[PDB]
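Chemist: You'll find upload_32.json just under this line, and it carries JSON, C-alpha atoms.
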```
[["chain", "number", "residue", "atom", "x", "y", "z"],
["A", 1, "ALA", "CA", 88.39, 104.26, 89.22],
["A", 2, "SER", "CA", 89.66, 107.23, 91.19],
["A", 3, "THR", "CA", 91.18, 106.40, 94.54],
["A", 4, "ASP", "CA", 89.98, 108.61, 97.39],
["A", 5, "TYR", "CA", 92.09, 107.36, 100.25],
["A", 6, "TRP", "CA", 95.78, 107.79, 101.09],
["A", 7, "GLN", "CA", 97.21, 105.45, 103.72],
["A", 8, "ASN", "CA", 100.51, 106.49, 105.27],
["A", 9, "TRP", "CA", 101.19, 104.91, 108.63],
["A", 10, "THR", "CA", 104.49, 104.23, 110.37],
["A", 11, "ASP", "CA", 105.33, 103.19, 113.92],
["A", 12, "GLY", "CA", 108.07, 105.83, 113.76],
["A", 13, "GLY", "CA", 111.10, 103.65, 113.16],
["A", 14, "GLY", "CA", 113.67, 104.50, 110.53],
["A", 15, "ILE", "CA", 113.00, 106.37, 107.31],
["A", 16, "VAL", "CA", 109.78, 106.09, 105.31],
["A", 17, "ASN", "CA", 109.67, 108.58, 102.44],
["A", 18, "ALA", "CA", 106.14, 108.17, 101.07],
["A", 19, "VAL", "CA", 105.05, 110.26, 98.11],
["A", 20, "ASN", "CA", 101.37, 110.86, 97.33],
["A", 21, "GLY", "CA", 101.58, 111.14, 93.54],
["A", 22, "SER", "CA", 99.06, 112.14, 90.87],
["A", 23, "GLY", "CA", 95.92, 110.07, 90.46],
["A", 24, "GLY", "CA", 96.37, 106.60, 91.90],
["A", 25, "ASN", "CA", 100.16, 106.70, 91.87],
["A", 26, "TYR", "CA", 102.39, 106.62, 94.94],
["A", 27, "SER", "CA", 105.98, 105.73, 95.77],
["A", 28, "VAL", "CA", 107.90, 104.79, 98.88],
["A", 29, "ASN", "CA", 111.61, 104.70, 99.71],
["A", 30, "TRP", "CA", 112.27, 103.12, 103.08],
["A", 31, "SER", "CA", 115.32, 102.41, 105.17],
["A", 32, "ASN", "CA", 115.89, 100.51, 108.45],
["A", 33, "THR", "CA", 112.29, 100.76, 109.48],
["A", 34, "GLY", "CA", 110.00, 99.45, 112.16],
["A", 35, "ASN", "CA", 106.56, 98.56, 110.69],
["A", 36, "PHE", "CA", 104.80, 100.79, 108.16],
["A", 37, "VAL", "CA", 101.96, 100.57, 105.65],
["A", 38, "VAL", "CA", 101.59, 102.95, 102.72],
["A", 39, "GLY", "CA", 99.09, 102.78, 99.88],
["A", 40, "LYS", "CA", 96.24, 104.21, 97.86],
["A", 41, "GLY", "CA", 92.70, 103.01, 97.56],
["A", 42, "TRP", "CA", 89.23, 103.63, 98.89],
["A", 43, "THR", "CA", 87.84, 105.04, 102.13],
["A", 44, "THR", "CA", 85.17, 102.35, 102.29],
["A", 45, "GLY", "CA", 86.10, 98.87, 101.22],
["A", 46, "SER", "CA", 83.75, 96.59, 99.33],
["A", 47, "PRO", "CA", 83.67, 92.79, 98.95],
["A", 48, "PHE", "CA", 82.66, 93.40, 95.29],
["A", 49, "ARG", "CA", 85.53, 95.67, 94.24],
["A", 50, "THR", "CA", 87.95, 94.66, 91.49],
["A", 51, "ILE", "CA", 91.31, 96.29, 92.18],
["A", 52, "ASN", "CA", 93.74, 97.12, 89.37],
["A", 53, "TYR", "CA", 97.36, 98.03, 89.87],
["A", 54, "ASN", "CA", 100.72, 98.22, 88.16],
["A", 55, "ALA", "CA", 103.83, 98.19, 90.33],
["A", 56, "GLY", "CA", 106.40, 99.98, 88.17],
["A", 57, "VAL", "CA", 109.03, 99.38, 90.86],
["A", 58, "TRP", "CA", 108.98, 96.56, 93.43],
["A", 59, "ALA", "CA", 112.40, 96.42, 95.04],
["A", 60, "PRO", "CA", 112.32, 95.29, 98.67],
["A", 61, "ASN", "CA", 115.73, 94.62, 100.26],
["A", 62, "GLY", "CA", 114.27, 92.53, 103.05],
["A", 63, "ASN", "CA", 110.82, 91.93, 104.53],
["A", 64, "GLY", "CA", 108.15, 93.79, 102.55],
["A", 65, "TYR", "CA", 104.74, 92.92, 101.02],
["A", 66, "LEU", "CA", 102.99, 94.18, 97.87],
["A", 67, "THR", "CA", 99.43, 93.48, 98.97],
["A", 68, "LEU", "CA", 95.76, 94.44, 98.96],
["A", 69, "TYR", "CA", 95.19, 95.58, 102.53],
["A", 70, "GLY", "CA", 92.18, 96.58, 104.54],
["A", 71, "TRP", "CA", 90.10, 96.34, 107.68],
["A", 72, "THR", "CA", 86.61, 95.62, 108.87],
["A", 73, "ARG", "CA", 85.14, 96.31, 112.31],
["A", 74, "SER", "CA", 82.53, 94.16, 114.10],
["A", 75, "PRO", "CA", 84.58, 92.10, 114.28],
["A", 76, "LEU", "CA", 87.97, 93.75, 113.92],
["A", 77, "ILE", "CA", 89.83, 92.00, 111.08],
["A", 78, "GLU", "CA", 92.97, 93.03, 109.17],
["A", 79, "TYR", "CA", 93.02, 91.31, 105.76],
["A", 80, "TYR", "CA", 95.55, 90.76, 102.99],
["A", 81, "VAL", "CA", 95.79, 89.51, 99.41],
["A", 82, "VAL", "CA", 99.56, 89.25, 98.94],
["A", 83, "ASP", "CA", 100.83, 89.25, 95.33],
["A", 84, "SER", "CA", 104.54, 89.66, 95.99],
["A", 85, "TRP", "CA", 106.99, 89.91, 98.86],
["A", 86, "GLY", "CA", 110.66, 90.34, 99.65],
["A", 87, "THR", "CA", 112.73, 87.88, 101.61],
["A", 88, "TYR", "CA", 109.87, 86.46, 103.70],
["A", 89, "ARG", "CA", 106.68, 84.81, 102.44],
["A", 90, "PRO", "CA", 103.94, 85.33, 105.04],
["A", 91, "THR", "CA", 102.24, 82.15, 106.26],
["A", 92, "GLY", "CA", 99.94, 81.10, 109.10],
["A", 93, "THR", "CA", 97.36, 78.40, 109.80],
["A", 94, "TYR", "CA", 96.61, 76.79, 106.43],
["A", 95, "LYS", "CA", 92.94, 76.74, 105.41],
["A", 96, "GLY", "CA", 92.95, 75.90, 101.71],
["A", 97, "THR", "CA", 93.59, 77.55, 98.33],
["A", 98, "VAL", "CA", 91.82, 79.82, 95.87],
["A", 99, "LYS", "CA", 92.62, 80.38, 92.20],
["A", 100, "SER", "CA", 92.02, 83.94, 91.06],
["A", 101, "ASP", "CA", 93.34, 86.29, 88.38],
["A", 102, "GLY", "CA", 95.76, 83.74, 86.94],
["A", 103, "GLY", "CA", 97.34, 82.76, 90.23],
["A", 104, "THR", "CA", 96.88, 80.23, 93.03],
["A", 105, "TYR", "CA", 96.78, 81.59, 96.56],
["A", 106, "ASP", "CA", 97.14, 79.80, 99.89],
["A", 107, "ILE", "CA", 94.61, 80.88, 102.52],
["A", 108, "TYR", "CA", 95.87, 81.45, 106.07],
["A", 109, "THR", "CA", 94.69, 82.86, 109.37],
["A", 110, "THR", "CA", 96.86, 84.36, 112.08],
["A", 111, "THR", "CA", 96.21, 86.33, 115.27],
["A", 112, "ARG", "CA", 97.99, 89.46, 116.49],
["A", 113, "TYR", "CA", 98.33, 89.99, 120.25],
["A", 114, "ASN", "CA", 98.52, 93.44, 121.87],
["A", 115, "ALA", "CA", 99.27, 95.05, 118.51],
["A", 116, "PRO", "CA", 98.32, 98.44, 117.05],
["A", 117, "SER", "CA", 95.03, 98.36, 115.18],
["A", 118, "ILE", "CA", 93.10, 100.75, 112.97],
["A", 119, "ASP", "CA", 91.49, 102.38, 116.04],
["A", 120, "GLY", "CA", 94.83, 103.28, 117.61],
["A", 121, "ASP", "CA", 96.07, 101.84, 120.91],
["A", 122, "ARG", "CA", 96.66, 98.07, 121.10],
["A", 123, "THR", "CA", 94.45, 94.99, 120.99],
["A", 124, "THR", "CA", 94.17, 91.37, 119.89],
["A", 125, "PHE", "CA", 92.69, 90.69, 116.44],
["A", 126, "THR", "CA", 92.54, 88.13, 113.65],
["A", 127, "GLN", "CA", 94.20, 88.50, 110.25],
["A", 128, "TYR", "CA", 92.91, 86.82, 107.07],
["A", 129, "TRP", "CA", 95.40, 86.13, 104.28],
["A", 130, "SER", "CA", 95.44, 85.02, 100.65],
["A", 131, "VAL", "CA", 99.15, 84.66, 99.76],
["A", 132, "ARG", "CA", 100.16, 83.86, 96.17],
["A", 133, "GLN", "CA", 102.12, 80.59, 95.93],
["A", 134, "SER", "CA", 104.75, 82.22, 93.68],
["A", 135, "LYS", "CA", 105.48, 85.95, 93.31],
["A", 136, "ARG", "CA", 103.36, 87.73, 90.74],
["A", 137, "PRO", "CA", 105.61, 89.43, 88.14],
["A", 138, "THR", "CA", 105.53, 93.22, 88.49],
["A", 139, "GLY", "CA", 105.55, 95.99, 85.91],
["A", 140, "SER", "CA", 102.33, 94.78, 84.29],
["A", 141, "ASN", "CA", 98.66, 95.68, 84.68],
["A", 142, "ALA", "CA", 97.41, 93.31, 87.38],
["A", 143, "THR", "CA", 93.95, 92.61, 88.68],
["A", 144, "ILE", "CA", 92.74, 91.38, 92.05],
["A", 145, "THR", "CA", 89.11, 90.19, 91.87],
["A", 146, "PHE", "CA", 88.45, 90.57, 95.58],
["A", 147, "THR", "CA", 85.09, 88.85, 95.48],
["A", 148, "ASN", "CA", 86.84, 85.51, 94.70],
["A", 149, "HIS", "CA", 88.86, 85.84, 97.91],
["A", 150, "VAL", "CA", 85.92, 86.90, 100.07],
["A", 151, "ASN", "CA", 83.94, 83.90, 98.81],
["A", 152, "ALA", "CA", 86.77, 81.41, 99.31],
["A", 153, "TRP", "CA", 87.37, 82.79, 102.80],
["A", 154, "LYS", "CA", 83.66, 82.45, 103.62],
["A", 155, "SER", "CA", 83.80, 78.77, 102.59],
["A", 156, "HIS", "CA", 86.43, 78.18, 105.29],
["A", 157, "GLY", "CA", 84.51, 79.99, 108.01],
["A", 158, "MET", "CA", 86.51, 83.23, 107.62],
["A", 159, "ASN", "CA", 83.77, 85.84, 107.73],
["A", 160, "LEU", "CA", 84.53, 89.53, 107.46],
["A", 161, "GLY", "CA", 83.06, 92.18, 109.75],
["A", 162, "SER", "CA", 79.96, 94.19, 108.90],
["A", 163, "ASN", "CA", 81.54, 97.65, 109.13],
["A", 164, "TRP", "CA", 83.99, 98.24, 106.29],
["A", 165, "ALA", "CA", 87.00, 100.51, 106.75],
["A", 166, "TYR", "CA", 89.59, 101.48, 104.12],
["A", 167, "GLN", "CA", 90.83, 99.17, 101.35],
["A", 168, "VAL", "CA", 94.15, 99.92, 99.62],
["A", 169, "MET", "CA", 96.85, 98.41, 97.39],
["A", 170, "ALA", "CA", 99.76, 98.72, 99.76],
["A", 171, "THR", "CA", 103.44, 98.40, 100.40],
["A", 172, "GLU", "CA", 104.02, 97.09, 103.96],
["A", 173, "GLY", "CA", 107.48, 96.68, 105.45],
["A", 174, "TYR", "CA", 108.98, 95.34, 108.65],
["A", 175, "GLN", "CA", 112.56, 96.10, 109.74],
["A", 176, "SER", "CA", 113.79, 96.42, 106.18],
["A", 177, "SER", "CA", 114.73, 98.81, 103.36],
["A", 178, "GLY", "CA", 113.58, 99.11, 99.77],
["A", 179, "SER", "CA", 111.62, 101.00, 97.13],
["A", 180, "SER", "CA", 108.26, 100.70, 95.41],
["A", 181, "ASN", "CA", 106.24, 102.71, 92.91],
["A", 182, "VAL", "CA", 102.65, 101.59, 92.39],
["A", 183, "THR", "CA", 99.65, 102.92, 90.46],
["A", 184, "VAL", "CA", 96.16, 101.87, 91.62],
["A", 185, "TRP", "CA", 92.78, 102.16, 89.86]]
```
Please render this file's structure as structure tokens.
Modeler:
Amino acid sequence: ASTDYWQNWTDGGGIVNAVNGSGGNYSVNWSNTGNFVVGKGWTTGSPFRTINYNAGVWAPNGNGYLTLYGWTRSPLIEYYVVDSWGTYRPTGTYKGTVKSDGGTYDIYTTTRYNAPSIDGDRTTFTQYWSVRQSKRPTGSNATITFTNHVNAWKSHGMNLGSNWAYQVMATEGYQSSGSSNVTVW
């Protein structure tokens, strides 16, 4: 599918050279950053979407995530399906596991306090996570069947909001450096 949304947010720290390439391709070179999120996807997320991607380059030199990323409003929730990471594997309050697309993912919840949200400014909100137990190899055509995650989350009382915001396959970094090149469809 054609992506219709380009996500390029940075808190302003360090260097984030994000390139909006042809079709669903994008690349990022980052150095000594604060927090940033770059990716391509869709303006309106869907719990039924099957996301395809191929990360031709996944080279974080520190804390960085290769992850499906999105938000819902009512309530405000930032969600993640993490396929790979750098030096730090994100974890939180353990809820259970879900097997999807050839991998096993741990399910976690965390809460952010007085942090920037999709609406700008700062607030407190919950984050839902599916984090692969081992890093998914990159360079291949990968699939994330999002419905499997939504359903597993629902079974543990993790319900998404009713107003869907963007949904992208992203590169997120925190006080690190690295490079990524990803194609989404």
Chemist: If we count all atoms listed in the file and set the cut-off at 9 Å, which residues sit around region 68-85 of chain A, ignoring sequence neighbours fewer than 2 positions away in its own chain? Please answer as number ranges by chain.
Modeler: A: 37, 39, 45, 51, 58, 60, 62-66, 87-90, 103, 105, 117-118, 124-138, 144, 146, 149, 160-171
Chemist: Could the residues in this selection be saved with C-alpha atoms as a PDB file, in the coordinates of the input?
Modeler:
```pdb
ATOM      1  CA  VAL A  37     101.960 100.570 105.650  1.00  0.00           C
ATOM      2  CA  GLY A  39      99.090 102.780  99.880  1.00  0.00           C
ATOM      3  CA  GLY A  45      86.100  98.870 101.220  1.00  0.00           C
ATOM      4  CA  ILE A  51      91.310  96.290  92.180  1.00  0.00           C
ATOM      5  CA  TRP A  58     108.980  96.560  93.430  1.00  0.00           C
ATOM      6  CA  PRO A  60     112.320  95.290  98.670  1.00  0.00           C
ATOM      7  CA  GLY A  62     114.270  92.530 103.050  1.00  0.00           C
ATOM      8  CA  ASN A  63     110.820  91.930 104.530  1.00  0.00           C
ATOM      9  CA  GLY A  64     108.150  93.790 102.550  1.00  0.00           C
ATOM     10  CA  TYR A  65     104.740  92.920 101.020  1.00  0.00           C
ATOM     11  CA  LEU A  66     102.990  94.180  97.870  1.00  0.00           C
ATOM     12  CA  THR A  87     112.730  87.880 101.610  1.00  0.00           C
ATOM     13  CA  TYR A  88     109.870  86.460 103.700  1.00  0.00           C
ATOM     14  CA  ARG A  89     106.680  84.810 102.440  1.00  0.00           C
ATOM     15  CA  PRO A  90     103.940  85.330 105.040  1.00  0.00           C
ATOM     16  CA  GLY A 103      97.340  82.760  90.230  1.00  0.00           C
ATOM     17  CA  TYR A 105      96.780  81.590  96.560  1.00  0.00           C
ATOM     18  CA  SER A 117      95.030  98.360 115.180  1.00  0.00           C
ATOM     19  CA  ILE A 118      93.100 100.750 112.970  1.00  0.00           C
ATOM     20  CA  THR A 124      94.170  91.370 119.890  1.00  0.00           C
ATOM     21  CA  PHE A 125      92.690  90.690 116.440  1.00  0.00           C
ATOM     22  CA  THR A 126      92.540  88.130 113.650  1.00  0.00           C
ATOM     23  CA  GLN A 127      94.200  88.500 110.250  1.00  0.00           C
ATOM     24  CA  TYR A 128      92.910  86.820 107.070  1.00  0.00           C
ATOM     25  CA  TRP A 129      95.400  86.130 104.280  1.00  0.00           C
ATOM     26  CA  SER A 130      95.440  85.020 100.650  1.00  0.00           C
ATOM     27  CA  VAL A 131      99.150  84.660  99.760  1.00  0.00           C
ATOM     28  CA  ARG A 132     100.160  83.860  96.170  1.00  0.00           C
ATOM     29  CA  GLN A 133     102.120  80.590  95.930  1.00  0.00           C
ATOM     30  CA  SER A 134     104.750  82.220  93.680  1.00  0.00           C
ATOM     31  CA  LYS A 135     105.480  85.950  93.310  1.00  0.00           C
ATOM     32  CA  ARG A 136     103.360  87.730  90.740  1.00  0.00           C
ATOM     33  CA  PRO A 137     105.610  89.430  88.140  1.00  0.00           C
ATOM     34  CA  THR A 138     105.530  93.220  88.490  1.00  0.00           C
ATOM     35  CA  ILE A 144      92.740  91.380  92.050  1.00  0.00           C
ATOM     36  CA  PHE A 146      88.450  90.570  95.580  1.00  0.00           C
ATOM     37  CA  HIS A 149      88.860  85.840  97.910  1.00  0.00           C
ATOM     38  CA  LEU A 160      84.530  89.530 107.460  1.00  0.00           C
ATOM     39  CA  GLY A 161      83.060  92.180 109.750  1.00  0.00           C
ATOM     40  CA  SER A 162      79.960  94.190 108.900  1.00  0.00           C
ATOM     41  CA  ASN A 163      81.540  97.650 109.130  1.00  0.00           C
ATOM     42  CA  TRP A 164      83.990  98.240 106.290  1.00  0.00           C
ATOM     43  CA  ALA A 165      87.000 100.510 106.750  1.00  0.00           C
ATOM     44  CA  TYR A 166      89.590 101.480 104.120  1.00  0.00           C
ATOM     45  CA  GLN A 167      90.830  99.170 101.350  1.00  0.00           C
ATOM     46  CA  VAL A 168      94.150  99.920  99.620  1.00  0.00           C
ATOM     47  CA  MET A 169      96.850  98.410  97.390  1.00  0.00           C
ATOM     48  CA  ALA A 170      99.760  98.720  99.760  1.00  0.00           C
ATOM     49  CA  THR A 171     103.440  98.400 100.400  1.00  0.00           C
TER      50      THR A 171
END
```
Chemist: Do you have the CA of residue 173 (chain A)-CA of residue 33 (chain A) distance handy?
Modeler: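 CA of residue 33 (chain A) lies 7.5 Å from CA of residue 173 (chain A).
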Chemist: Name the closest residue to residue 148 (chain A) among the candidates A:185, A:48, A:42, A:5; distances are taken between atoms, counting all atoms listed in the file.
Modeler: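 Counting all atoms listed in the file, the residue closest to residue 148 (chain A) is A:48.
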Chemist: Which residue gives the smallest distance to residue 142 (chain A) among A:158, A:1, A:18, A:184, with all atoms listed in the file counted?
Modeler: A:184
Chemist: Neighbouring residues of residue 34 (chain A) were defined as those with any atom within 7 Å, considering all atoms listed in the file; residues of the same chain fewer than 5 positions away were excluded. Please report them as a list in words.
Modeler: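 Counting all atoms listed in the file, the residues come to residues 11, 12, 13, 14, 174 and 175 of chain A.
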Chemist: Do you have the CA of residue 153 (chain A)-CA of residue 25 (chain A) distance handy?
Modeler: 29.2 Å
Chemist: What is the distance, in Å and to one decimal place, between CA of residue 50 (chain A) and CA of residue 22 (chain A)?
Modeler: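 Value for the CA of residue 50 (chain A)-CA of residue 22 (chain A) distance: 20.7 Å.
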Chemist: Provide an axis-aligned box for all listed atoms of region 143-158 of chain A, padding each side by 6 Å; report its centre and its edge lengths in Å to one decimal, as AutoDock Vina command-line options.
Modeler:
```
--center_x 88.8 --center_y 85.4 --center_z 98.3 --size_x 22.3 --size_y 26.4 --size_z 31.3
```
Chemist: Write out as a ChimeraX atom specification the residues lying within 7 Å of residue 61 (chain A), counting all atoms listed in the file and excluding same-chain residues fewer than 2 positions away.
Modeler: /A:59,86,176-178
Chemist: Between A:139, A:97, A:31, A:92, which is the closest to residue 110 (chain A) once you count all atoms listed in the file?
Modeler: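 Distance minimum relative to residue 110 (chain A) lands on A:92.
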Chemist: For the point (100.8, 111.9, 96.8) in file coordinates, what residues are within 12 Å, counting all atoms listed in the file? Give the answer as a PyMOL selection string?
Modeler: chain A and resi 3-8+17-28+38-40+181-183
Chemist: Given all atoms listed in the file as the basis, pick out the residue of A:151, A:106, A:96, A:116 nearest to residue 10 (chain A).
Modeler: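 Answer, going by the shortest atom-to-atom distance: A:116.
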